Each structure stands twice: as C-alpha cells, then as structure tokens.
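Residue numbers (the authors' numbering): 320 to 466. Remarks on the structure that follows.
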Amino acid sequence: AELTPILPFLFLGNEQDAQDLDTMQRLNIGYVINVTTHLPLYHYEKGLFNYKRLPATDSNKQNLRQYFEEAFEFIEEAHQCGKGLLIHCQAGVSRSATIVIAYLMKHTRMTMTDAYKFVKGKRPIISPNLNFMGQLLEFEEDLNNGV
Ligand SMILES: CSc1scc2c1-c1nc(SCC(=O)C(C)(C)C)ncc1CC2
Numbered sequence: 320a321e322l323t324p325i326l327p328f329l330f331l332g333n334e335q336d337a338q339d340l341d342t343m344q345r346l347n348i349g350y351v352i353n354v355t356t357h358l359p360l361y362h363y364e365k366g367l368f369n370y371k372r373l374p375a376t377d378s379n380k381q382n383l384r385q386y387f388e389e390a391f392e393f394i395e396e397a398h399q400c401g402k403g404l405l406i407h408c409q410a411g412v413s414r415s416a417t418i419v420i421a422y423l424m425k426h427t428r429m430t431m432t433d434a435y436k437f438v439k440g441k442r443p444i445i446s447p448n449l450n451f452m453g454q455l456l457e458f459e460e461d462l463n464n465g466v
C-alpha cells in the first residue's frame, strides 16, 4: 500500500491504499477526501478522521471544477493545523489527481503542465481523462485572468 506524498501534508492514493489504517496513522493523517459515489468512508466508525465525500464518477461528463473550492478549503484546514490529508478515488487515481493538480495550480502558482510533471514524478501510474484535462485547462485560464 503506497500513499504517495505530494506535499508534506497532502497524500494521494486509490481504494486499496485507503484501507491501510496503520500507514495512515504513521503519516499523521486526520483528513480524508473520498472522490467516489459508491465507496465507503473507510474506518468511519473508529472516529479518527474528518471526512469529505465529493460524489464523482470517472466519466467524460463528470464536473469536477464545481468541487474545487470545496476541496481547497478542506485541504487548507488540515494544512493550517499541522495534520495530513488523504485524497483517494479508485485504480487510476484520475479523479483525485485532478483535485491535487488544481490545488497545486492555485496554491503554488504552478502552471498546469508543471503541476502534472510534479505529480507524475511521485506517482508514476496516473490514468488519463480527457474531460478532466479540459477542465484544468479552463481552470488555468481563470487563474491567469483573476477569476
Ligand atoms: C494536466 S494533464 C497533462 S498536461 C500535458 C499532458 C498531460 C497528460 N496527462 C496524462 S494523465 C493525467 C490526467 O489525465 C488527469 C490528472 C487530468 C486525470 N496523460 C498524458 C498526458 C500528455 C501530456
């Protein structure tokens, strides 16, 4: 089980990574973003983490931009109190990688391609999604136009 550390407090995984309770505690994680409609909130009944579900599918019609601001406020809440955040979806981490890159574009001022090269360097297997790609391109333009 590999929870990829993108930033010192931001971790990226899939469904399998999200079920390793011991590693999550070793990484000082206290926040979890579940970017699926159907997976459970793993370890919810143990009362150890704050959870947020963004109910998305890995399709060519899913809107992920709508969840960006909601996800950034949760990331910054963990960031500001010294805890780690895990964001995960499924196999090819397409959905969760979109939100991670969007954060890097907004809160690190990286371009879209520099953000992708940074993420791909730490987690080499990332499945493409042309729809999510197109939304990050419009997100980059809205950042550059102060919107
Ligand atoms: C911003 S992504 C990007 S920018 C320039 C390229 C790419 C790219 N990405 C991917 S996979 C990553 C994804 O599709 C999501 C994270 C959006 C789900 N495969 C191939 C390429 C070719 C070149």
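Note that the Cβ used here is the ideal one computed from N, Cα and C, for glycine as well.
Worksheet entry | Span separating the alpha-carbon of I418 from that of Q399 | The residue labelled residue 418 in the question sits at position 99 within the sequence shown. The residue labelled residue 399 in the question sits at position 80 within the sequence shown. So the two alpha carbons sit approximately 19 Å from each other.
Worksheet item: Whose C-beta lies closer than 8 Å to the C-beta of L404 among residues of the same chain, with five residues either side of it excluded?
Response: Against the sequence shown, residue 404 aligns to sequence position 85. Counting only Cβ-Cβ distances below 8 Å, and skipping sequence neighbours, we find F328, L329, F330, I348, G349, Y350, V351, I352, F393, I394, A397 and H398.
Discussion item. As an exercise, report each continuous beta strand (DSSP E) stretch of at least 3 residues that is fully enclosed by the segment 400-461, in chain order.
Written reply: Fully enclosed beta strand (DSSP E) runs of 3 or longer: 403-407.
Practice prompt. Look at the alpha carbon of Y422 and the alpha carbon of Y363, and state the distance between them as a whole number of angstroms.
Written response: Position 103 of the sequence shown, counted from the first residue, corresponds to residue 422. Position 44 of the sequence shown, counted from the first residue, corresponds to residue 363. For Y422 and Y363, the distance between alpha carbons rounds to 25 Å.
Discussion item. Quick check on the contact list: which residues have their beta carbon closer than 6 Å to a heavy atom of ligand 1?
Written reply: That gives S413, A416, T417, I420, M431, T432, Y435, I445, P447, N448, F451, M452 and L455.
Discussion item. Suppose the cutoff is 6 Å on Cβ atoms and the five residues either side in sequence are ignored; what does the same chain contact list for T355 look like?
Written reply: Here residue 355 refers to the residue found at position 36 when the sequence shown is read from its first residue. Only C408 meet the Cβ criterion.
Worksheet item: Going straight from the alpha carbon of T430 to that of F387, what length do you get?
Response: Along the sequence shown, one-based indexing puts residue 430 at 111. Along the sequence shown, one-based indexing puts residue 387 at 68. Cα-Cα distance, rounded: 16 Å.
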